[PDB]
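Presented as structure tokens, the chain that follows is alone, the form deposited without this ligand.
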């Protein structure tokens, strides 16, 4: 009994709705009457398809367990008082005006902005990684921004617990995360269960911040690899020897030789410390790729770096990655109980 454009009934607490929609259901802003601030509300309607259930549960479990200035929280979650009556779930969050994807369509960023956004991306990422979680879908639309340049990472639906022991797979194994921000190893021999997959995406985001265009816009699964290799050049023998997978190694060896395009050719207006950090994020071999704490400690970020102000999670995270649709509904109901006066 309160609509927008569908039903969007968010109790007595939240009023003066206004569409911003099509994200997960639909998104509105709304006046919060207990805190008198405007806030964002996302309506989730996932109990039909069993995969949107999994993404929803995963996202709720993470959002509630994580507490960090550069990671979007869930201030409130609204659903029916019973499982029977629960059809929709609404997640209430800090209202963030824009995201980096929308910003970059229209705005050039000064070096000071690039530096600050990157610092905040990596500060959030350090927390995430310290919990043994991988985000796995970092991209400019998953980076929210407010009018005062605060950056918050959102969308933990593809997130997983890190599992480097079980990261190997065969050549051309299908993947779900967004193509342009996929590390080379996803196409070759990785399931994306190590931390280095997120650092690659961050590197892609940096490159995008410096030029306002995706650095590796592959049209489909292997074109992505040829984009990467067209800039980085052919992998060294020693990087090839880290790929044991014969199908992947022989594929790479079949390719004509390509030299590196130097970053300063691609990004002639860029701060050279920015390009050095970029280089180290967009390293072909995931074993040699810089880690989140090394990136924060890089000279480019020296105006911000302060590890005592770069918090870590209080304990490791415990196993997303799995259950029929009816059990999932029940877990979601149980995970959201703390917001019920009930």
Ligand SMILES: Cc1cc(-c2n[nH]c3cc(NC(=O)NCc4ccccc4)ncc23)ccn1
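Residue numbers count along the first chain shown, from 1.
Unmodelled deposited residues between residue 24 and residue 25: 1 to 3, per the record.
Higher mean CA temperature factor, per the PDB entry, when comparing 158-166 with 179-187: 158-166. Averaged over Cα atoms, the B-factor as recorded in the entry is higher for 216-224 than for the other of 216-224 and 111-119. The residue among 61, 36, 298, 67 whose C-alpha carries the highest B-factor in the deposited model is 36. When the modelled residues of the chain are ordered by their C-alpha B factor, residue 105 lands in the highest third. Sort the modelled residues of the chain by CA B factor and residue 150 lands in the middle third. Sorting the modelled residues of the chain by their CA temperature factor places residue 43 in the highest third.
Sorting the modelled residues of the chain by their CA temperature factor places residue 305 in the lowest third. Ranked within its chain, residue 142 lands in the lowest third, by CA B factor from the PDB record.
Separately, the form deposited with this ligand bound exists; it is not shown, and the next lines address it.
Clashes are found between this ligand, overlaid from its position in the entry with it bound, and the backbone or C-beta atoms here, as 3 or more atoms lie within 2.4 Å; the site counts as blocked.
At the 4.5 Å threshold, heavy atoms of residue 27 reach this ligand in the entry with it bound.
In the entry with it bound, no heavy atom of residue 239 sits within 4.5 Å of this ligand.
Mapping the unseen interface onto this chain, residue 260 falls outside it, with no heavy atom inside 4.5 Å of this ligand in the entry with it bound.
Proximity of residue 121 to this ligand in the entry with it bound falls outside the 4.5 Å heavy atom cutoff.
Look at 40-48, 313-321, 271-279, 287-295: in the entry with it bound, residues with non-hydrogen atoms within 4.5 angstroms of this ligand sit in 40-48. The contact with this ligand in the entry with it bound, taken as any heavy atom within 4.5 Å, belongs to 102 out of 247, 168, 108, 102. For the options 189, 93, 130, 194, the one in contact with this ligand in the entry with it bound, meaning a heavy atom within 4.5 Å, is 93. Interface residues of 121-146, taken as those with a heavy atom within 4.5 Å of this ligand in the entry with it bound (partner not displayed), are limited to 144.
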